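*Asks:*
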Amino acid sequence: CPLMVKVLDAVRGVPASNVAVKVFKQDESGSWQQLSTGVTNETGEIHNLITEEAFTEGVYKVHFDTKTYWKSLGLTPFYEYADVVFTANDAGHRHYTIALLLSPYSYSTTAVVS
Amino acid sequence: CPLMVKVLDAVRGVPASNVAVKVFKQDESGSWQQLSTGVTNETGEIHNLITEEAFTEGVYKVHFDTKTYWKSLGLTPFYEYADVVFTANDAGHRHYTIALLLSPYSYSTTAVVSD
Amino acid sequence: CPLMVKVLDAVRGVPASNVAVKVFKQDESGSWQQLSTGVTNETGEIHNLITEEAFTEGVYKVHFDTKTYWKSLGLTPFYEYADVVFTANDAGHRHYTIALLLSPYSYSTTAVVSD
Amino acid sequence: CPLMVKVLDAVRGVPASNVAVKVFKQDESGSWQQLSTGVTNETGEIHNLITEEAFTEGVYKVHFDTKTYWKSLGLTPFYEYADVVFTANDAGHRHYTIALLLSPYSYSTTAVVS
Ligand SMILES: N[C@@H](Cc1cc(I)c(Oc2cc(I)c(O)c(I)c2)c(I)c1)C(=O)O
Ligand SMILES: N[C@@H](Cc1cc(I)c(Oc2cc(I)c(O)c(I)c2)c(I)c1)C(=O)O
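Protein chains in written order, with PDB author numbering: chain B, 13 to 126; chain A, 13 to 127; chain A', 13 to 127; chain B', 13 to 126. A prime marks a further copy of an entry chain.
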């Protein structure tokens with residue numbers, strides 16, 4: 013799995029489950045094309061988010077619906093969502109983890125590339 | 013000033029100056045209309061980004077060109093940029109600060125909302 | 013003011029007011045000598061924590077009582093407190109801001125150093 | 013393993029290896045007693061950091077020597093180290109992960125409790 017996510021809830025101290033995620037890749041044109049969609053599991057992760065074959069060199073957007081997550085907890089969210097945008101495999105085929113830490117009025121993201 | 017930014021550099025321990033910022037408001041179609049531009053100053057801030065008159069209820073995107081910032085320092089950035097998207101002024105007029113902390117492979121953002 | 017703090021609440025989107033802060037300096041023995049105290053104000057800051065005269069070269073601990081803060085809000089905190097420890101003024105006199113972002117099960121701290 | 017760590021390098025996008033870690037528990041007296049020491053591996057983790065038997069209810073300090081880590085990379089560190097202090101098992105025996113994200117002038121820590 014060359015593209016992984018790990019989402020954590022900074023308020024409750026647990027992984028953030030049921031967070032809807034979409035993966036897009038930017039066109040030759042420059043438009044975003046949706047490649048996959050999934051929902052985080054109990055460990056805040058998504059298995060098989062993208063195949064090695066579909067995950068080619070280019071610019072990617074990983075979109076997290078953080079707003080619905082906080083509404084499901086009865087907390088007021090500030091952000092509409094969190095998008096993370098990066099170039100992948102520009103200098104070779106690697107594995108990427110997009111880590112995302114959530115609070116109602118803050119989020120942090122870090123990329124681990126191997 | 014109802015919309016403020018504060019940008020910090022976690023590698024150097026200084027405010028991130030000369031970061032290009034753009035502010036957009038989503039129209040009903042879903043497209044983004046640019047309403048502001050600026051570049052952070054030596055304290056990582058931008059004065060007079062938008063007026064109260066322009067800053068009406070809606071969905072906003074604050075776009076930070078973090079890639080150009082790190083490249084100017086000779087560092088290899090991971091992200092293309094950082095966008096921060098939120099609904100504003102939907103429960104009355106408020107003031108907002110979008111704070112952004114930058115490292116080449118990480119960023120954090122926090123919102124402070126006051127009345 | 014050579015030592016400033018800025019404390020924010022990531023749950024509520026407001027500065028974290030009424031947070032008790034203490035500043036210590038390590039002596040040669042390794043024990044900690046208290047030099048300052050304060051409580052954050054409505055913007056999450058403390059004025060006049062220490063003077064330039066007192067703030068000499070050494071190792072400092074800035075101690076934030078984050079547990080009392082979250083308990084006052086009815087929230088269950090994980091940490092007993094947050095300490096931030098660093099060497100100051102070892103390459104000349106500088107000014108420091110210790111920024112601290114709080115959630116019940118997480119915190120982030122960033123230092124801004126100027127001359 | 014009831015007490016785990018996960019340390020990441022926000023500058024390089026890799027787990028932070030070779031970070032020295034000490035685990036202390038506070039005395040009845042109130043003094044810190046060292047229970048264990050280890051060093052993060054290539055995935056930023058430490059196996060067998062503490063046994064289930066030694067990890068009893070009380071107040072813990074997990075100490076990370078972040079200063080030597082940044083010096084090993086040739087970057088100037090601001091902090092002397094990062095200490096994370098918390099009560100464990102006050103309401104039952106659980107597993108704890110202390111996650112720690114490092115930059116030369118910033119760090120973030122989050123606790124995941126299961
Ligand atoms: N166990 C799996 C999944 C996993 C990946 C990461 I990357 C991680 O590390 C962090 C650190 C911080 I600080 C965060 O705020 C967040 I979100 C994730 C953690 I815990 C777990 C693995 O090792 O691949
Ligand atoms: N002096 C001005 C500007 C200012 C706002 C904030 I909001 C702030 O706080 C943080 C805290 C953390 I942690 C960050 O990573 C970042 I970026 C900013 C700081 I320092 C300064 C004011 O009070 O409005």
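In this text, a Cβ means the ideal position worked out from N, Cα and C, and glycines have one as well.
Which chain A residues are close to residue 121 (chain B), counting only those with a beta carbon under 7 Å from its beta carbon?
*Replies:* Simply 118, 119.
*Asks:* Grouping DSSP H, G and I as helix and E and B as strand, with all else coil, what is residue 29 (chain A)?
*Replies:* coil
*Asks:* If you draw a straight line from the C-alpha of residue 7 (chain A) to the C-alpha of residue 122 (chain B'), how long is it?
*Replies:* Lying before the first or after the last residue shown, residue 7 (chain A) is absent from chain A, which here runs from 13 to 127.
*Asks:* In whole angstroms, what separates the C-alpha of residue 34 (chain B') from that of residue 32 (chain A)?
*Replies:* 42 Å
*Asks:* Is there at least one Cβ from chain A' nearer than 8 Å to residue 22 (chain A)'s Cβ?
*Replies:* yes
*Asks:* Can you determine whether any heavy atom of ligand 1 sits closer than 7 Å to the C-beta of residue 20 (chain B), and answer yes or no?
*Replies:* yes
*Asks:* What three-state label does DSSP hand residue 84 (chain B') in the structure shown?
*Replies:* helix
*Asks:* Grouping DSSP H, G and I as helix and E and B as strand, with all else coil, what is residue 78 (chain A)?
*Replies:* helix
*Asks:* I want to verify the contact list: residues of chain B whose CB lies under 8 Å from the CB of residue 67 (chain A), in sequence order.
*Replies:* Chain B residues near residue 67 (chain A): none, gap ~16 Å exceeds 8 Å.
*Asks:* Quick one, which of B':40, B':112, B':76 has its alpha-carbon nearest residue 50 (chain B')'s?
*Replies:* Ranking the options by Cα distance to residue 50 (chain B'), first place goes to B':76.
*Asks:* If you draw a straight line from the alpha carbon of residue 26 (chain B') to that of residue 54 (chain B'), how long is it in whole angstroms?
*Replies:* Computed Cα separation, rounded: 9 Å.
*Asks:* Can the beta-carbon of residue 120 (chain A') be found closer than 8 Å to that of residue 23 (chain B)?
*Replies:* Contact flag unset, no.
*Asks:* DSSP puts residue 50 (chain A') in a beta bridge; with which residues?
*Replies:* Note: residue 50 (chain A') sits in a beta bridge opposite A':33.
*Asks:* Would the beta-carbon of residue 18 (chain A') fall within 8 Å of that of residue 109 (chain A')?
*Replies:* Closer than 8 Å, so yes.
*Asks:* Are the CB atoms of residue 93 (chain B) and residue 97 (chain A) nearer to each other than 8 Å?
*Replies:* Against a cut-off of 8 Å, the Cβ pair of residue 97 (chain A) and residue 93 (chain B) comes out as a contact.
*Asks:* Measure from the alpha carbon of residue 56 (chain B) to the alpha carbon of each residue in B:95, B:43, B:30, B:80, then state which is nearest.
*Replies:* Answer by Cα proximity: B:30.
*Asks:* Using three-state DSSP, classify residue 95 (chain B) as helix, strand or coil.
*Replies:* strand
*Asks:* Exposed or buried, residue 103 (chain A), counting other C-beta atoms within 10 Å across all chains shown (16 or more means buried)?
*Replies:* By the Cβ-count criterion, residue 103 (chain A) is exposed, with fewer than 16 other Cβ atoms from all chains shown falling within 10 Å of its own Cβ.
*Asks:* Could you tell me the distance, in whole angstroms, from the CA atom of residue 81 (chain A') to the CA atom of residue 126 (chain B)?
*Replies:* Using only the alpha carbons, I get a separation of about 40 Å.
*Asks:* Along chain A', which residues have their Cβ under 9 Å away from the Cβ of residue 55 (chain B')?
*Replies:* Residues of chain A' passing the Cβ test: none, with the nearest at roughly 21 Å.
*Asks:* On the CB-based measure, 16 or more other CB atoms within 10 Å of its CB, does residue 85 (chain B') come out buried or exposed?
*Replies:* exposed
*Asks:* Apart from the five residues on each side of it in sequence, which residues of its chain come closer than 6 Å, Cβ to Cβ, to residue 6 (chain A)?
*Replies:* A query on residue 6 (chain A) cannot be resolved here, the shown segment of chain A reaching from 13 to 127 and no further.
*Asks:* At the level of alpha carbons, what is the spacing between residue 113 (chain B') and residue 78 (chain B')?
*Replies:* 10 Å
*Asks:* Following the continuous beta strand (DSSP E) through residue 41 (chain B'), name the residue where it begins and the one where it ends.
*Replies:* Segment: none, residue 41 (chain B') is in no beta strand (DSSP E) and carries neither H nor E.
*Asks:* Roughly how many angstroms separate the alpha carbons of residue 13 (chain B') and residue 47 (chain B'), rounded to a whole number?
*Replies:* When only Cα atoms are considered, residue 13 (chain B') and residue 47 (chain B') end up about 14 Å apart.
*Asks:* Check whether chain A' comes within 8 Å of residue 84 (chain B), counting only Cβ atoms and requiring the distance to be less than that.
*Replies:* no
*Asks:* To the nearest angstrom, how far is it from the Cα of residue 28 (chain B) to the Cα of residue 58 (chain B)?
*Replies:* 11 Å
*Asks:* Output yes if chain A places a C-beta closer than 8 Å to the C-beta of residue 78 (chain B); else output no.
*Replies:* Closer than 8 Å: no.
*Asks:* Tell me whether residue 95 (chain B) is buried or exposed, calling it buried when 16 or more other Cβ atoms sit within 10 Å of its Cβ.
*Replies:* buried
*Asks:* DSSP puts residue 108 (chain A) in a beta bridge; with which residues?
*Replies:* Beta-bridge pairing by DSSP links residue 108 (chain A) to A:15, A:125.
*Asks:* Where residue 16 (chain B') and residue 61 (chain B') are concerned, what is the direct C-alpha to C-alpha distance, given to the nearest angstrom?
*Replies:* 7 Å
*Asks:* Grouping DSSP H, G and I as helix and E and B as strand, with all else coil, what is residue 56 (chain A')?
*Replies:* Note: residue 56 (chain A') maps to coil in three-state DSSP.
*Asks:* Nearest chain B' C-beta to residue 115 (chain A) closer than 8 Å, yes or no?
*Replies:* yes
*Asks:* Answer yes or no: does any C-beta atom of chain B fall closer than 8 Å to that of residue 25 (chain A')?
*Replies:* yes
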